[PDB]
Amino acid sequence: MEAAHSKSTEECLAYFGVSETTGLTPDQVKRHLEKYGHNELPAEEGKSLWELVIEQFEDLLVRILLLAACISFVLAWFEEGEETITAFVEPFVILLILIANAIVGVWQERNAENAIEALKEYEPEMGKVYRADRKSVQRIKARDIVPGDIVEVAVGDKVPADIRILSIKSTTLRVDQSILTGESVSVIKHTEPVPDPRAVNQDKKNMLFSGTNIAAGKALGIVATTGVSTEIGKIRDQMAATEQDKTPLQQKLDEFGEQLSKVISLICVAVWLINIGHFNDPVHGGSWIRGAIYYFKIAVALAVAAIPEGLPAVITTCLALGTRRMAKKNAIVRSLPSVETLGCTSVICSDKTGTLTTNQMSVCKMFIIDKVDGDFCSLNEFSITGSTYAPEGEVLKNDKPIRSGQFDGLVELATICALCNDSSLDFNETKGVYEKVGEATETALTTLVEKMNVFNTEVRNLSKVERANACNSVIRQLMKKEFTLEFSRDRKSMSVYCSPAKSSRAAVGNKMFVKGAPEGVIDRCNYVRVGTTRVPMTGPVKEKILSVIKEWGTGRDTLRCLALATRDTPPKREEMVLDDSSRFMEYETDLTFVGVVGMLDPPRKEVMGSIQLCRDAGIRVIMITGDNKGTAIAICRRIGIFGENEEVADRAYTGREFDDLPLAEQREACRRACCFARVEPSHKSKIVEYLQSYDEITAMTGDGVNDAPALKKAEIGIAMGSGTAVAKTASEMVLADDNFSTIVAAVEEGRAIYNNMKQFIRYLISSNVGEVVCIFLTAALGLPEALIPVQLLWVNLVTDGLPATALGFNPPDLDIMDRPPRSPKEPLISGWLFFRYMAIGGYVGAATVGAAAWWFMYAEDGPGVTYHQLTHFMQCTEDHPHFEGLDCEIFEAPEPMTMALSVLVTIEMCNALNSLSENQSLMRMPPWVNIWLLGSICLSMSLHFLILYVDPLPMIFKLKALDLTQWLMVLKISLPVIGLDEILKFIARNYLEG
Ligand code: BEF
Ligand SMILES: [Mg+2]
């Protein structure tokens, strides 16, 4: 029955034809279950173990590589017994690596869900209903609840389903809807209809929403909706309906598919130059039945010599490394790519109630009278530290710790706070934290009392559980609580009637301790307490009291104030009627004012500092909350989003004010304003979307259901460890610690990972250029193959492997943060780096066939072949007489290729040291700035000597150990590449912007 809120109680009962006194009959339940299904969200947690792998391979580059594998498959398939002892190994290698990444990534996803399953479904969901079945209330599975059911809820209960309040058993009912509405202070409900059919959740004051919890009171109601029809249900679907388009860095890799797919065409161009050369000569000794087995062979030859086949692993490795580091800070990163992505973020949108704030009401300011003398009235003002329910903090006066017990006024203040209170505080040994019991604004008084410790009770040797009520317990022993006059909306105050307890003070008599909205309570005070004595309430005294209440009620503070007083000579129980709250106000008159306490939903400790760091990092921080604007702004001032006295005319908007703006203005407003309050969940999503329309990598931070859609739409969703399950599933990262500053650390790391990431891409690909420049020089130009496929593979893969991951330990500069986030569209590899790795790329060419072929021509132990009899080596087993040498097989000798490979390797080791800095000379930025890199080169080099000695290896890799004379030639051929780049860099720093 949607719209139940607009209908009356009888209407809702009639609608389902159920008795309010007995509940549904077991026959109706069976029928309603049939017509409405069970109470519950559509079992979540999609994407199976299979789904993951599926999309894993759906990467452009893995695809390119895998496709390569199909083409190379027919090549290794079309190869005769010449070097096919391991030439067909290739496909297995590639394929293995493929599954090698599918396995890892998928591993991380499942893993994630696990850390993300932190006590969250550990506790079974129950619901209390009355059914014709029996007279007593029944505790059943919440999933078995159906619309029409009669439900009962009480303090501490989690509302099982969307319910229409029928009858309130307590004087009043209070609900904390923060987990859904972001509403700071609990909402007091009523049973009358809410006419406006368009009333938002904050207006449905006669409804209880599934997922929320009862702050105070007891009530009976009728279930309106369940499953996906509930407010929380709607949001889950809304959220699910939002699309996750793509990934910020993944997009970069999707983008590198360009540089390679493009070579696909580039090779076609180089090849086109020889194909036509044969459509001129009349030969019929093998058409499309025989002759052609060479044309398609080189296409993959250079292909694989094109794809820097390490990189997908290297990326996973370094990235994952960043993951772990984040984790050392309690940074659960549910996804590997966002790791770096949070770095690129230009904007951080953060929720209020539950994320930027702790969500626990806390008393921090208070005052009693100091002295009264005529028109003079001075107050004793104190401040209180601590921003949670924990009994940890201090009372200060003029910023210095004092002993509250030395102020008689505070002893009575603490006493009123402890006695005039229907709630308490507790320690959840399971969650390991303190929790309120009953109303937040009352628990705040409880913990205040535990901090004050006015009787200096011993608390150092106590357990967390005992510490929670130590001081309060002491005070509860001084007076017997006869009864309490519960809070009423007209009077706006609460009081308790107490009689003397311990015989220590029996000459005291009965007392009434009162608290409530300042104006009404102070107006009912005829006296003011000063220490232990009392003076009459005078205009000058009242003025001073009200002026400080006023200050605390707005401006920098904007605290919720409560006035505390006591009735020294209360009526006799007999002369008091306690069944009608309409009489209470009169009993709470002729009172003695004692003091005032100021409280509010505190910002988390580290938020202010965090927002300042982001500022310096050029990252904006925008508050987007469902709470009222007054509170939104107040918290913005406390954390620094707004100046203490700044005017926020057009920098803070309500949901409505925002909507009253033309789309264009709305969009613009997201770039200017930093506080959006009283907004709906779609509002949050909308704001993020606007930000993204300016090509800004945006992050969202939340805890409640109303954050879920925005969290998902943001490039990086960040959920509070103590937040809802929804918010977490919709996030890439979870602050298990609730430490807001971890976000900044994540940005910092997400940044270091990155830079060093484009790095191992530089150095790595280097080989492919040098690699095909040689194949092209020997195919369409001359000399035999200087290097082969299953030769260059071990290079790219292991030879260049450890060094890359090595770049993961690459030391970030000490100024990586104190600088703005990089361009959204910025390419990556280009301009002066394309040429930087192209030049170096094409150098290795003149170094391979060069220092290698060198063996063929001038190598003291090589043939001594002439230049073009080498560029025509193909015509050896026929036009032999033209160049009568010795054995037409020396052209397929391992020595030349080994000479070439060894040059590739040595050159890459050096370029590893170079790629250290984009434009910094190796003299300015020494190669020992990265110890891992030095060790990786050692490891790669010794792995080279391994492939050249251990019999099995040199056999399957078409090589042969070079001579010291040949190595020295390799060095003279390779080393100078450092000189070339050491020069190109210089030209970049001096005569260029570098
Ligand atoms: F809960 Be958030 F402040 F919207
Ligand atoms: Mg919230």
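Method of determination, as annotated in the archive: X-ray crystallography, at 3.80 Å resolution.

As its UniProt record puts it under Catalytic activity, the protein is described as follows: "Ca(2+)(in) + ATP + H2O = Ca(2+)(out) + ADP + phosphate + H(+)". The UniProt entry for the protein carries this comment under Cofactor: "Mg(2+)".

Chemist: Is there a simple way to think about the sheet that holds strand 4 (residues 162–168) in this case?
Modeler: As a general point, the strands of a sheet are linked pairwise by backbone hydrogen bonds and lie either parallel or antiparallel. Taking strand neighbours across the sheet as the criterion, the six strands line up as 2-1-3-9-4-7 in an open arrangement whose pairing is antiparallel. Edge positions in the open sheet fall to strand 2 (138–141) and strand 7 (207–208), since each of these has one partner strand only. Examined bridge by bridge, strand 1 (residues 126–130) and strand 2 share four bridges and lie antiparallel to one another. The residue bridging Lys128 from the neighbouring strand is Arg139, located in strand 2.

Chemist: Where do I start with a negative patch on the surface in this structure?
Modeler: Among the surface-exposed residues, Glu44, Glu45, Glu117, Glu121, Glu123 and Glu125 lie close enough to one another that they form a single negatively charged patch. Mapped onto the elements of the fold, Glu125 is located in the loop between helix 5 (89–115) and strand 1.

Chemist: Please clarify how the sheet that holds strand 30 (residues 733–735) should be interpreted in this entry.
Modeler: Strand order in the open sheet formed by eight strands is 10-30-29-28-11-25-27-26, with mixed pairing between adjacent strands. Both edges of this open sheet fall to strand 10 (331–333) and strand 26 (652–654), since each of them pairs with a single strand only. In this sheet, neighbouring strand axes are inclined to one another by 20° on average, regardless of whether the strands run parallel or antiparallel. Direction of pairing for strand 10 relative to strand 30: antiparallel, over a ladder of three bridges. Counted as the bridge partner of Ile332 is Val734 from strand 30. Strands in contact with helix 10 (residues 311–327) are strand 10 and strand 30; relative to strand 10, the strand with the most contacts, it is inclined by about 145°.

Chemist: Looking at this model, I keep getting lost on the coordination of the magnesium ion (ligand 2). Mind explaining?
Modeler: Each pair of donors in an ideal four-coordinate tetrahedral metal site encloses 109.5 degrees, whereas pairs in an ideal six-coordinate octahedral site enclose 90 or 180 degrees. Within the protein, the magnesium ion (ligand 2) binds to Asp351 (OD), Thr353 (O) and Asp703 (OD); these donor distances fall in the range 2.0 to 2.6 Å. Donor residues for the magnesium ion (ligand 2) sit on one chain with the sequence pattern D-x1-T-x349-D. In this structure, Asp351 and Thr353 share a single accessibility class: buried.

Each value, and the rule that gives it
Residues numbered from 1 in each chain as written, not as in the entry; some residues may be left out. Chains lettered and ligands numbered in written order. Heavy atoms only, no water. UniProt positions renumbered as here; feature names shortened; annotations may be inferred. Pairing = 2+ DSSP bridges. Helix = DSSP H or I, 4+ residues; strand = E, 2+ residues; numbered from the N terminus. Patch = residues over 30% accessible without salt bridge, like charges linked within 9 Å, V, L, I, M, F, W, Y side chains within 5 Å. Areas by Shrake-Rupley, 256 points an atom, 1.4 Å probe, with all protein chains shown as cover. Salt bridge = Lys/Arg side-chain N within 4 Å of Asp/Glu carboxyl O. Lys, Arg positive; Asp, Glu negative; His and termini not counted. Charge placed at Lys NZ, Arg CZ, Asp CG, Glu CD. Axes fitted to C-alpha atoms, helices over the stretch in contact; angles between N-to-C directions. Contact = heavy atoms within 4.5 Å. Donors = N, O, S within 2.8 Å, 3.2 Å for Na, K, Ca; no water. Buried < 20%, exposed > 50% of the residue type's maximum accessible area, 1.4 Å probe, protein only.

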